[PDB]
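Beneath this line is the structure, given in structure tokens, with notes to follow.
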Amino acid sequence: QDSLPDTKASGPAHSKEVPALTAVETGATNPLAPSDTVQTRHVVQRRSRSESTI
Amino acid sequence: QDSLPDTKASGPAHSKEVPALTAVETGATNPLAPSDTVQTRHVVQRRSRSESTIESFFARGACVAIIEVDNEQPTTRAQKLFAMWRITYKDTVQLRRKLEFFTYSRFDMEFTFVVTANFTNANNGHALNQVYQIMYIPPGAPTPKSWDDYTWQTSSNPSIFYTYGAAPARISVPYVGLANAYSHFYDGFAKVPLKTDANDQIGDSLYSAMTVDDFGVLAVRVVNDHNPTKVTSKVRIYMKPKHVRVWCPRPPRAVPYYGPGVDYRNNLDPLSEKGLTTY
Amino acid sequence: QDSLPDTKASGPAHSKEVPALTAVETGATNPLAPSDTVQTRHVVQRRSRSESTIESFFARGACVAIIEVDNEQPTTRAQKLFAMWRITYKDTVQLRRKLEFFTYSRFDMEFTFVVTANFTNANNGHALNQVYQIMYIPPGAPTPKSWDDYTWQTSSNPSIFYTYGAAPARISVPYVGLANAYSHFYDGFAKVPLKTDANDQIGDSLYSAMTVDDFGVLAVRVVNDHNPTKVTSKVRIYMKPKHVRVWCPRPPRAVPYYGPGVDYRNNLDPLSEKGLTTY
Amino acid sequence: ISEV
Amino acid sequence: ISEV
Amino acid sequence: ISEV
Amino acid sequence: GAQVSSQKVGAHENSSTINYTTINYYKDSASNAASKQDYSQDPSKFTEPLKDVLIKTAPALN
Amino acid sequence: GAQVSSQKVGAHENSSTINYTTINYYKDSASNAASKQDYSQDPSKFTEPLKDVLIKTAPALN
Amino acid sequence: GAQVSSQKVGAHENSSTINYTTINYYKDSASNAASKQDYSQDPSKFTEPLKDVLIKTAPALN
Amino acid sequence: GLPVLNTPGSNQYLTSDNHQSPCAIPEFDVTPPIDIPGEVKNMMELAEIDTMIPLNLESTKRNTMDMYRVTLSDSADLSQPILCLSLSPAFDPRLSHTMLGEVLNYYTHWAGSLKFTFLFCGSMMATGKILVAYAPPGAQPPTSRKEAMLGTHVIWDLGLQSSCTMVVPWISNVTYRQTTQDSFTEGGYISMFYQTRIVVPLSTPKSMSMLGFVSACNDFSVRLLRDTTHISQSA
Amino acid sequence: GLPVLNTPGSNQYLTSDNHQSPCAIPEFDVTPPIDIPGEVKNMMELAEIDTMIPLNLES
Amino acid sequence: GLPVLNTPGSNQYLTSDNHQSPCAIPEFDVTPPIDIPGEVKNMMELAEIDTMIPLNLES
Amino acid sequence: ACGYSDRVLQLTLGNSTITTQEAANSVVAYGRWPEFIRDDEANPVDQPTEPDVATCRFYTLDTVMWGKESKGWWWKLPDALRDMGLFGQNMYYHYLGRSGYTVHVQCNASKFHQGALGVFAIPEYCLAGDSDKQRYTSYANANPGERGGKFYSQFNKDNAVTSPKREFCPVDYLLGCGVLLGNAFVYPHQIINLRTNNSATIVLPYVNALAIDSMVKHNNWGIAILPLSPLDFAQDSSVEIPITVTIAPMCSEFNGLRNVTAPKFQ
Ligand SMILES: CCOC(=O)c1ccc(OCCC2CCN(c3ccc(C)nn3)CC2)cc1
Ligand SMILES: CCOC(=O)c1ccc(OCCC2CCN(c3ccc(C)nn3)CC2)cc1
Ligand SMILES: *C(=O)CCCCCCCCCCCCC
Ligand SMILES: *C(=O)CCCCCCCCCCCCC
Ligand SMILES: *C(=O)CCCCCCCCCCCCC
């Protein structure tokens, strides 16, 4: 099996966790996903990156 | 075992069961058999529907294109030193009609290329054997302007190098659709005109058409440098669907095709004259 | 083991058993052997009838047709740019006579195609290698009017694409009969004249003939566009029955064939003159 | 192998 | 295989 | 043989 | 990795189950020939799309 | 799915049962070569179609 | 020495794991075709080369 | 180098073949199937679905909506046939273009039982009894109810059950008939007559339409795929 | 690509040969055999049946 | 000599194919791999790395 | 038991109820009842909107009159419903929307009237056009909304090259699409035969090559109503009865919310 990560059913938010905020100065890229900034449904992912292998 | 249902020995009737009567208004077809309306014997059936499977029905290489390409001295005007063909089953009518018995289809595609060539002019000496280059250019990739320009370097596009006289070229292509099935018919548009638009051309589109370049093109050229004498050639493309699945049945085309959509123009009179009480 | 019955050491006789006497009126053949009419030794027989099996007897590719086809400039008159041949074993006499040793037959058929070509005219330059298209047109399917018309698109008809110089083309065909066996002879008609008929042509038919198109035709063309100089070609068709079964034995044809039925015309004198008491 |  |  |  | 199956014998030679062998040479399944052992199904979704599917001997409209 | 059988050896080299191997490549049995191991039968249906088949040593007509 | 593996079937014919067979004919491995069963890895060395890699929900700079 | 010997047929291209070949786009990530409604596995499924027969192809009636409408009336000549038709499912004009006839024109041979269902589209106050028949081939095609009576037949009585099905039973000499016309493999005759007559009351239309439908029974099969005469193309 | 070497006889057509070849009509539903009377398995069966000799071939 | 039959596609060259072929330099002593930092296994790794957008393409 | 029938139905959806005392059973198109997009067939990742009873209810379209000259009527879905209460709003405020439907077609008359309506539900109902021009029918003319369209008895070509009508020309016996009407029965259908039934009830699943699509760019189903047998009554040559189409969305779900789409129907 080589499919990509499934999408999670994510809900409403009121917290002190702020993933939408970051600091690119550090050299890193924010590891975010739709479920961090918007309400998502559960999608079972079948797509794979087989053609883009080296 | 794949044979059809045996016939039952059925006898005389005097009952309140009336299978001969029905009501087609309901939308259904009466599931009747000879044994419901007549006395039948017992027949052991050996006949099977093996040739009419969706696979067997399409399992044949159909001609969908003739690409004409020449090899001659590159002069300074419109010539055919290379050719391009938008991949499609619609330039031809025969396979088009079979696939159109259905709304949706999903299959792998086999392409077989029959190359033929000949001498144009009575005589300027002859030609050594020609090698042909068929390059698939997927939408987005650079289209050749010249028969020997850089796009033919083909670093990532699939290319076939065919040698004249050899067994016809053959390749397979996976199910490459942007959707879960190829749509043989699309009751829609690719763009919608909005009230807020500046001109009314912005949101204008061809009815029933989806993507502009849909699957891309096949570019053909003779890799050989020109001989003194000219050689004209034809790449015949045969298409065969394999590992086939089909959905939602449609009536067969009854009048001659008029372009890519369902449009008709003429010969709208498909049926013959025959008398009501004539056999 | 498939050898024939051994010979028995048989001795002198003085008995009331008279095997030498019989009565052919009964319809039967006397099942005699040397040991019934003469003193024999014991011979262990190794000989076998392996070459005379129904399969071995037919197991050979026989020429049943020569289809002549040209590739030349399409002019405006009767030409051979494409040809058609009603499939049959009856255009030739040799295989026809072997299959006719029997009334009924059931087999699979192998077809091998020997293509040969040549230059017609002393010299108009030359020709690049020709590719041939053999299309089977089953009864009902559209017959070509033109060498490059739409029927050659061949979406559902079986077609062979042969390249000159390559090993002869070959294909197999299943038992395709409308009945449980191919009839080599049909003592009947396809239509019957009824008293109530308007003209007496309505119910008229060819004696011993069954279906009009019986198995269909093979259409042949050169897929190549015409060279300046003309190339004439011949497709020789070899037929071989395999997985063969035969019924009801018939006497061999003793006089020259006169058409598809059993009709004779001339050379009705098959036997030589030889004296009654001459060795 | 795989025999059906 | 199948040996006769 | 070697079956993965 | 050889695949073995029974041919459906039509015209039988005077000699019973006869088999044929198949092997895939390519990684991409699109490259494969057609197996042609195709199963069938009911006409029903098309010949009787009814919510109350009724028995052929009883009145169609009751 | 390979088929193996004994050849009927005619001229024996100075070296016993020798075999040959056969494999069918095609699904359609019509595509197959000829097995040529053909069994035989009696002439009887043709040489003696009689309702009372009699013994060769007894009078044909009794 | 035959190598057997599962194809990833895309468009399924109306007939399940389908396999393909591979055999190397040459001693030098450079002569071999490409296996194309390629494993992947994390973007991390590139997307987060950090000495203290932090959790996406906590402040990037604390 | 394995010693091999090339046989006849080597390097030909047969349209009908079944072989492997190199994949032009290696490792392509194929879009998965979704469960779409309406899937077909065999073309005979479509020939089993009832479709309207163009039963009336008279001069002004053909290639118009009236070709599907057979007129019945309380004053029709009772001696005469309502309709007559030949059992040639792919060739006879009335049948050739139905879904049944249309699949059969892609095949050289057919076999099996057929069925004809007739719809009375008259007003509810209209009554009637009709004889519909099938005569297996070989005799005079029926010109009178008296002759039609003698063969396979259904006596339809018009009432709450609007429609009547006549099964044409597979009765044939050959194991498969042909899809084109041919006396050797001919199927016979279909004909219809009033058994009594259409009776209406007053203030009721005295004339109405009958619709006819055809489909194949489950014993029906077809063979030898071929190209149809029902579609073509000009240069 | 399996390394092969073509031998003599490659690409000839011998009338007497026994080989497989592609089926031109795939999946054709073949009509079954019925038990017909009079079947022959070997041509010598016919030569074993008595037939009338043209013993007198005078002018 | 094994009886074989050549199919369509025989002797073509497809840019996209995957086949074996003779090694031009037999038994060459190949230099071993060393563990180099920065290895990539899939091109989508690079598209996942943040890069600066030319957001202002005015004249 | 009690006295139930194939001809007496009650359809209840949301705050709407339909009763019929003379139906002909009911068709479930291709044997599939409408359903929601499953997680393993899902494609847009954003949480969908499911308005349930506020959008999945019976909208009655403007009535058409069947008369002796009537050649046929046609509607497209979702187009017919683009302005139907909260359904239309959900349809235009979201990029993506799927829907199943219950189609209920109404035509009553009397034991003395006569005629037969062919009610057809067609997947991807592509119609033919006006002109010499191929695939030239404009979005505005392709989509009549509630008003629907009509069939014609013959192909009268839109002749004026200068200012083209860019309309459809649907010829009845060619189903307006190049095939013959007698074969339209391979599609999900019912017949309103006036001596048998007042109505037809076809239930429709979402049919498409995608799990979900743009409802504004694309119609999934087409409703074609062609008189198989003409309207006739007593001897009055200008008879006329109403045909009323009532449609309900089913299992409607929406994805990709943003500002409202305002199409130009001018
Ligand atoms: C929307 C209607 O059209 C179709 O359904 C339909 C039409 C054409 C189809 O073919 C697949 C598209 C292409 C994709 C790749 N392709 C190739 C690829 C490589 C080579 C050498 N030659 N051809 C050629 C065909 C598949 C489906
Ligand atoms: C009634 C007397 O004739 C026969 O018995 C008899 C005569 C001919 C026979 O051949 C079988 C019929 C056809 C069927 C198909 N066919 C084909 C099919 C495909 C191709 C490429 N080429 N030929 C050619 C032969 C079989 C039997
Ligand atoms: C399973 O297939 C194991 C048995 C293999 C037998 C030998 C096959 C020889 C041909 C190998 C084909 C390799 C194709 C890439
Ligand atoms: C039974 O046949 C299993 C053994 C197979 C041995 C390898 C055969 C290699 C050739 C396979 C032929 C495939 C033909 C379509
Ligand atoms: C492992 O491979 C053992 C099984 C071999 C089966 C027969 C293969 C026939 C082809 C051999 C190829 C030799 C190549 C140099």
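Every chain in the structure tokens takes a letter, A first, then B, and so on in the order presented; its residues are numbered from 1, and the ligands are numbered from 1 following the presented order.
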For chain C against chain K, which residues fall within 8 Å using only C-alpha atoms, given as a PDB file with N, CA and C atoms, in the first residue's frame?
```pdb
ATOM      1  N   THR C  29     -20.155 -57.510 -45.369  1.00  0.00           N
ATOM      2  CA  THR C  29     -18.861 -57.936 -45.884  1.00  0.00           C
ATOM      3  C   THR C  29     -18.280 -59.045 -45.031  1.00  0.00           C
ATOM      4  N   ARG C  49      -2.020 -47.986 -38.518  1.00  0.00           N
ATOM      5  CA  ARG C  49      -2.752 -47.071 -39.390  1.00  0.00           C
ATOM      6  C   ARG C  49      -2.674 -45.584 -38.956  1.00  0.00           C
ATOM      7  N   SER C  52      -3.462 -42.737 -41.611  1.00  0.00           N
ATOM      8  CA  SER C  52      -4.797 -42.682 -42.188  1.00  0.00           C
ATOM      9  C   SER C  52      -5.924 -42.296 -41.247  1.00  0.00           C
ATOM     10  N   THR C  53      -5.580 -41.737 -40.082  1.00  0.00           N
ATOM     11  CA  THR C  53      -6.590 -41.190 -39.175  1.00  0.00           C
ATOM     12  C   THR C  53      -7.294 -40.005 -39.849  1.00  0.00           C
ATOM     13  N   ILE C  54      -8.549 -39.675 -39.564  1.00  0.00           N
ATOM     14  CA  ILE C  54      -9.221 -38.526 -40.175  1.00  0.00           C
ATOM     15  C   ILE C  54      -8.412 -37.228 -40.065  1.00  0.00           C
ATOM     16  N   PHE C  57      -5.130 -37.524 -42.392  1.00  0.00           N
ATOM     17  CA  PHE C  57      -5.583 -37.415 -43.783  1.00  0.00           C
ATOM     18  C   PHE C  57      -5.842 -35.976 -44.229  1.00  0.00           C
ATOM     19  N   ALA C  59      -4.652 -33.179 -42.413  1.00  0.00           N
ATOM     20  CA  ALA C  59      -3.589 -32.355 -41.849  1.00  0.00           C
ATOM     21  C   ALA C  59      -2.518 -31.823 -42.784  1.00  0.00           C
ATOM     22  N   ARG C  60      -2.944 -30.939 -43.660  1.00  0.00           N
ATOM     23  CA  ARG C  60      -2.090 -30.400 -44.678  1.00  0.00           C
ATOM     24  C   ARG C  60      -2.716 -29.114 -45.202  1.00  0.00           C
ATOM     25  N   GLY C  61      -1.986 -28.033 -45.395  1.00  0.00           N
ATOM     26  CA  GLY C  61      -2.549 -26.793 -45.931  1.00  0.00           C
ATOM     27  C   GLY C  61      -2.791 -26.797 -47.443  1.00  0.00           C
ATOM     28  N   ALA C  62      -4.041 -26.792 -47.878  1.00  0.00           N
ATOM     29  CA  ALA C  62      -4.375 -26.844 -49.302  1.00  0.00           C
ATOM     30  C   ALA C  62      -4.715 -25.535 -49.995  1.00  0.00           C
ATOM     31  N   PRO C 158     -13.071  -8.900 -38.038  1.00  0.00           N
ATOM     32  CA  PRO C 158     -11.673  -9.272 -37.975  1.00  0.00           C
ATOM     33  C   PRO C 158     -10.881  -8.838 -39.219  1.00  0.00           C
ATOM     34  N   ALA C 166       7.360 -10.499 -44.778  1.00  0.00           N
ATOM     35  CA  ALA C 166       7.222 -11.208 -43.511  1.00  0.00           C
ATOM     36  C   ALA C 166       6.780 -12.648 -43.653  1.00  0.00           C
ATOM     37  N   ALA C 167       6.951 -13.498 -42.625  1.00  0.00           N
ATOM     38  CA  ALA C 167       6.477 -14.875 -42.704  1.00  0.00           C
ATOM     39  C   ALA C 167       4.994 -14.889 -43.054  1.00  0.00           C
ATOM     40  N   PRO C 168       4.486 -15.745 -43.943  1.00  0.00           N
ATOM     41  CA  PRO C 168       3.059 -15.802 -44.261  1.00  0.00           C
ATOM     42  C   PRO C 168       2.072 -15.711 -43.125  1.00  0.00           C
ATOM     43  N   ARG C 170      -1.153 -16.042 -40.675  1.00  0.00           N
ATOM     44  CA  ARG C 170      -1.851 -17.240 -40.234  1.00  0.00           C
ATOM     45  C   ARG C 170      -2.837 -16.968 -39.122  1.00  0.00           C
ATOM     46  N   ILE C 171      -4.018 -17.541 -39.240  1.00  0.00           N
ATOM     47  CA  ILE C 171      -5.057 -17.432 -38.218  1.00  0.00           C
ATOM     48  C   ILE C 171      -5.912 -18.697 -38.123  1.00  0.00           C
ATOM     49  N   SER C 172      -6.540 -18.886 -36.990  1.00  0.00           N
ATOM     50  CA  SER C 172      -7.476 -19.974 -36.794  1.00  0.00           C
ATOM     51  C   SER C 172      -8.913 -19.492 -36.665  1.00  0.00           C
ATOM     52  N   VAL C 173      -9.856 -20.311 -37.125  1.00  0.00           N
ATOM     53  CA  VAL C 173     -11.290 -20.017 -37.082  1.00  0.00           C
ATOM     54  C   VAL C 173     -12.024 -21.190 -36.408  1.00  0.00           C
ATOM     55  N   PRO C 174     -12.940 -20.935 -35.459  1.00  0.00           N
ATOM     56  CA  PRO C 174     -13.666 -21.997 -34.782  1.00  0.00           C
ATOM     57  C   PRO C 174     -14.681 -22.713 -35.666  1.00  0.00           C
ATOM     58  N   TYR C 175     -15.352 -23.771 -35.172  1.00  0.00           N
ATOM     59  CA  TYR C 175     -16.456 -24.350 -35.926  1.00  0.00           C
ATOM     60  C   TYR C 175     -17.597 -23.344 -35.943  1.00  0.00           C
ATOM     61  N   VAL C 176     -17.749 -22.637 -37.061  1.00  0.00           N
ATOM     62  CA  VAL C 176     -18.786 -21.602 -37.198  1.00  0.00           C
ATOM     63  C   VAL C 176     -20.108 -21.956 -37.870  1.00  0.00           C
ATOM     64  N   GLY C 177     -20.468 -23.239 -37.930  1.00  0.00           N
ATOM     65  CA  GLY C 177     -21.701 -23.653 -38.601  1.00  0.00           C
ATOM     66  C   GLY C 177     -23.017 -23.344 -37.855  1.00  0.00           C
ATOM     67  N   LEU C 178     -24.086 -23.029 -38.587  1.00  0.00           N
ATOM     68  CA  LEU C 178     -25.424 -22.813 -38.026  1.00  0.00           C
ATOM     69  C   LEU C 178     -26.117 -24.084 -37.542  1.00  0.00           C
ATOM     70  N   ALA C 179     -25.461 -25.205 -37.757  1.00  0.00           N
ATOM     71  CA  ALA C 179     -25.982 -26.526 -37.434  1.00  0.00           C
ATOM     72  C   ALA C 179     -24.984 -27.298 -36.607  1.00  0.00           C
ATOM     73  N   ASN C 180     -25.304 -28.522 -36.191  1.00  0.00           N
ATOM     74  CA  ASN C 180     -24.364 -29.320 -35.421  1.00  0.00           C
ATOM     75  C   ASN C 180     -23.215 -29.872 -36.254  1.00  0.00           C
ATOM     76  N   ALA C 181     -23.322 -29.746 -37.584  1.00  0.00           N
ATOM     77  CA  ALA C 181     -22.248 -30.125 -38.512  1.00  0.00           C
ATOM     78  C   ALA C 181     -22.283 -29.385 -39.840  1.00  0.00           C
ATOM     79  N   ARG C 245     -13.670 -34.041 -37.179  1.00  0.00           N
ATOM     80  CA  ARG C 245     -14.583 -35.184 -37.077  1.00  0.00           C
ATOM     81  C   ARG C 245     -15.470 -35.322 -38.337  1.00  0.00           C
ATOM     82  N   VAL C 246     -15.691 -36.536 -38.844  1.00  0.00           N
ATOM     83  CA  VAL C 246     -16.492 -36.774 -40.053  1.00  0.00           C
ATOM     84  C   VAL C 246     -17.571 -37.861 -39.992  1.00  0.00           C
ATOM     85  N   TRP C 247     -18.679 -37.647 -40.696  1.00  0.00           N
ATOM     86  CA  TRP C 247     -19.783 -38.606 -40.749  1.00  0.00           C
ATOM     87  C   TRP C 247     -20.252 -38.984 -42.137  1.00  0.00           C
ATOM     88  N   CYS C 248     -20.912 -40.150 -42.162  1.00  0.00           N
ATOM     89  CA  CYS C 248     -21.513 -40.814 -43.330  1.00  0.00           C
ATOM     90  C   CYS C 248     -20.667 -40.812 -44.609  1.00  0.00           C
ATOM     91  N   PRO C 249     -19.880 -41.860 -44.860  1.00  0.00           N
ATOM     92  CA  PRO C 249     -18.999 -41.973 -46.013  1.00  0.00           C
ATOM     93  C   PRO C 249     -19.695 -41.995 -47.386  1.00  0.00           C
ATOM     94  N   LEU C 271     -12.932 -44.775 -66.718  1.00  0.00           N
ATOM     95  CA  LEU C 271     -12.173 -46.013 -66.851  1.00  0.00           C
ATOM     96  C   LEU C 271     -11.504 -46.322 -68.177  1.00  0.00           C
ATOM     97  N   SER C 272     -10.301 -46.816 -68.019  1.00  0.00           N
ATOM     98  CA  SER C 272      -9.485 -47.323 -69.123  1.00  0.00           C
ATOM     99  C   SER C 272      -9.978 -48.598 -69.796  1.00  0.00           C
ATOM    100  N   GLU C 273      -9.511 -48.868 -71.016  1.00  0.00           N
ATOM    101  CA  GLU C 273      -9.772 -50.132 -71.663  1.00  0.00           C
ATOM    102  C   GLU C 273      -8.709 -51.170 -71.309  1.00  0.00           C
ATOM    103  N   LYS C 274      -9.160 -52.323 -70.836  1.00  0.00           N
ATOM    104  CA  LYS C 274      -8.294 -53.425 -70.458  1.00  0.00           C
ATOM    105  C   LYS C 274      -9.026 -54.720 -70.715  1.00  0.00           C
ATOM    106  N   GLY C 275      -8.366 -55.710 -71.307  1.00  0.00           N
ATOM    107  CA  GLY C 275      -9.020 -56.969 -71.627  1.00  0.00           C
ATOM    108  C   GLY C 275      -9.395 -57.840 -70.433  1.00  0.00           C
ATOM    109  N   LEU C 276     -10.568 -58.467 -70.451  1.00  0.00           N
ATOM    110  CA  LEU C 276     -11.037 -59.354 -69.377  1.00  0.00           C
ATOM    111  C   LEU C 276     -10.042 -60.394 -68.835  1.00  0.00           C
TER     112      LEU C 276
END
```
Per-residue DSSP, range 45-268 of chain C, filtered to alpha helix (DSSP H), as a list in words: residues 54, 55, 56, 57, 58, 94, 95, 96, 97, 98 and 99 of chain C
Output file for the selection above: C-alpha atoms, as an mmCIF file, in the first residue's frame:
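Contents of out35.cif, freshly written:
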```
data_model
loop_
_atom_site.group_PDB
_atom_site.id
_atom_site.type_symbol
_atom_site.label_atom_id
_atom_site.label_comp_id
_atom_site.auth_asym_id
_atom_site.auth_seq_id
_atom_site.Cartn_x
_atom_site.Cartn_y
_atom_site.Cartn_z
ATOM 1 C CA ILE C 54 -9.221 -38.526 -40.175
ATOM 2 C CA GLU C 55 -6.903 -35.861 -38.707
ATOM 3 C CA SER C 56 -3.727 -37.058 -40.482
ATOM 4 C CA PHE C 57 -5.583 -37.415 -43.783
ATOM 5 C CA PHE C 58 -6.657 -33.720 -43.700
ATOM 6 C CA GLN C 94 -8.230 -31.150 -54.507
ATOM 7 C CA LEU C 95 -9.355 -30.522 -50.888
ATOM 8 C CA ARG C 96 -12.939 -30.485 -52.191
ATOM 9 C CA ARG C 97 -12.595 -34.140 -53.165
ATOM 10 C CA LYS C 98 -11.079 -35.226 -49.801
ATOM 11 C CA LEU C 99 -13.757 -33.507 -47.655
#
```
Given a cut-off of 7 Å, what residues near ligand 2 show up using only C-alpha atoms and all ligand atoms, put as a PyMOL selection string? (chain C and resi 87-89+109+134-136+158-160+171+173+176+182-184+215-216+218) or (chain K and resi 24-25)
Two-atom distance - CA of residue 49 in chain M, CA of residue 91 in chain M (Å):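 Taking CA of residue 49 in chain M and CA of residue 91 in chain M, their separation equals 10.8 Å.
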Near ligand 4, 12 Å: chain L residue rows, closest pairs, only C-alpha atoms and all ligand atoms, as a tab-separated table:
```
residue	atom	partner	partner_atom_place_in_ligand_line	distance
L:2	CA	ligand 4	10 (C)	10.9
L:3	CA	ligand 4	10 (C)	11.6
L:4	CA	ligand 4	14 (C)	10.4
L:5	CA	ligand 4	14 (C)	10.9
L:7	CA	ligand 4	15 (C)	11.7
```
I need the chosen residues saved as a PDB file, in the first residue's frame, with N, CA, C and O atoms.
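See out-v1.pdb below for the written result:
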```pdb
ATOM      1  N   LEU L   2      13.031 -23.404 -30.401  1.00  0.00           N
ATOM      2  CA  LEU L   2      11.682 -23.233 -29.912  1.00  0.00           C
ATOM      3  C   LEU L   2      10.783 -22.498 -30.897  1.00  0.00           C
ATOM      4  O   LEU L   2      11.106 -21.380 -31.266  1.00  0.00           O
ATOM      5  N   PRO L   3       9.678 -23.058 -31.385  1.00  0.00           N
ATOM      6  CA  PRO L   3       8.760 -22.382 -32.262  1.00  0.00           C
ATOM      7  C   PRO L   3       8.171 -21.136 -31.604  1.00  0.00           C
ATOM      8  O   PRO L   3       7.418 -21.242 -30.634  1.00  0.00           O
ATOM      9  N   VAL L   4       8.484 -19.947 -32.107  1.00  0.00           N
ATOM     10  CA  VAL L   4       7.918 -18.692 -31.634  1.00  0.00           C
ATOM     11  C   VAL L   4       7.211 -17.893 -32.726  1.00  0.00           C
ATOM     12  O   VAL L   4       7.420 -18.101 -33.900  1.00  0.00           O
ATOM     13  N   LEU L   5       6.326 -16.985 -32.335  1.00  0.00           N
ATOM     14  CA  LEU L   5       5.605 -16.110 -33.237  1.00  0.00           C
ATOM     15  C   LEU L   5       5.673 -14.657 -32.746  1.00  0.00           C
ATOM     16  O   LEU L   5       5.224 -14.275 -31.675  1.00  0.00           O
ATOM     17  N   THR L   7       4.856 -10.898 -32.160  1.00  0.00           N
ATOM     18  CA  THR L   7       3.663 -10.051 -32.089  1.00  0.00           C
ATOM     19  C   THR L   7       3.868  -8.614 -32.541  1.00  0.00           C
ATOM     20  O   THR L   7       5.012  -8.134 -32.527  1.00  0.00           O
TER      21      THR L   7
END
```
